[PDB]
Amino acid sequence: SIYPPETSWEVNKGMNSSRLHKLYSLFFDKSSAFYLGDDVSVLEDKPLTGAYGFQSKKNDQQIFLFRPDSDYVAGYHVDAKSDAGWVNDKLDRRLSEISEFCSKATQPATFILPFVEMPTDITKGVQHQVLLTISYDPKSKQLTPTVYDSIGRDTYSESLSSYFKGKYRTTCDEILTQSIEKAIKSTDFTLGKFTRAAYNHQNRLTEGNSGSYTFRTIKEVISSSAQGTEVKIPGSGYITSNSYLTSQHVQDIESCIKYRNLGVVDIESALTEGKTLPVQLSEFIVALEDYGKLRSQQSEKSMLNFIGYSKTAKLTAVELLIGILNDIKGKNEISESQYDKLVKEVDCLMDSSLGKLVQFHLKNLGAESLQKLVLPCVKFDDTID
């Protein structure tokens, strides 16, 4: 399995299982706002199945972060006459193996599991990302759950009354704390209080940022517990939610998903080996192919009016560009005949969405533009000249 470049995606279009795991690569990229590599270093055993173990440099507290399997889902019933919900039979599995990990646990730990949660009764889809934080102290024999919600605090222009919070549930805490209470039934841990952190003030029925926020909130909990800081989010030690999830936090997310291509092998190794996966050239070539296929399907991006570039105009360019870099990647020259063709298309390749794709790779291939990139490989020998 591979995570391809999705040239269309933007932070509004939603966050799923796979994409979330791609962003796991940014933790150890130093050029990205999500860098954890000062805070923690990977833990040698990975004792926890389906999770990434880390040692905190400052704290020497262990923190384990679950790779997204979605298939980690908690439905709730919004009608309060009915069941509290279900937890998906794997998310209950992992809850129990967390309990079982802490049976053996020498040093304090914090467990970071991203998941989705949904109303079952509502006919609408309404699929909404959150993040569950389970912290365990070996001296207390206590596990305190928390879950961090982007939709967050209720406006009191819209707020369920203490009567109707009896007839309706806004959220899944009921079913989830049964499952966590049920997971530790066996052992001698007392369960601390289940707390829900609501942040980002007011959001929708549900919205698609709620994942990109959740992924950020992964970064702040892993830093906070690594150092010994209390975890801060919007409304507590943060002001509005564009200082928390900043204009940079969004650039590296959207770019890693849009222009980037990764085997799942590589993010296992990037998280296991503490390293960073440097952008290679093949990624560029596939990200142009997946612009070429997507654009060929009639694209409404700047289509209607003031069109300077047609679809055939762009596609002719993406194909020629690609043709170059394949030759360069077979470690070949470029006839000046082809460098000729290219520099005529170079105004097209930098236009609108194509541009930031070509922009993304040229900064990450080190070259200042296409020429300074392709030029060192061109062959004029010996005419003309």
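Residue indices: 1-based, along the sequence shown.
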Report summary line: Of 108 to 116 vs 211 to 219, the stretch with the larger average CA B-factor in the entry is 211 to 219
Query raised in the report: Comparing 29 to 37 with 47 to 55, which has the greater mean CA B-factor as deposited?
Result: 29 to 37
Query - Options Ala84, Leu304, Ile253, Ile180 - largest CA temperature factor per the record - result: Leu304
Query raised in the report: Looking at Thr133, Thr171, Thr229, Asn88, which has the biggest Cα B factor in the entry?
Result: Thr229
Requested in this report: Place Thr316 in the lowest, middle or highest third of its chain's C-alpha B-factors, as listed in the PDB entry.
Outcome: middle
Requested in this report: Would you check the entry's CA temperature factor for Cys377 and let me know if it's in the chain's lowest, middle or highest third?
Outcome: highest
Query raised in the report: Where does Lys258 sit by CA temperature factor within its chain: lowest, middle or highest third?
Result: lowest
Report task. Consider only the C-alpha atoms of the modelled residues in this chain, order them by B-factor as the entry records it, and name the third containing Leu349: lowest, middle or highest. Result -> lowest
Report task. Could you look up the Cα B-factor of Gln61 in the entry and say which third of the chain it sits in: lowest, middle or highest? Result -> middle
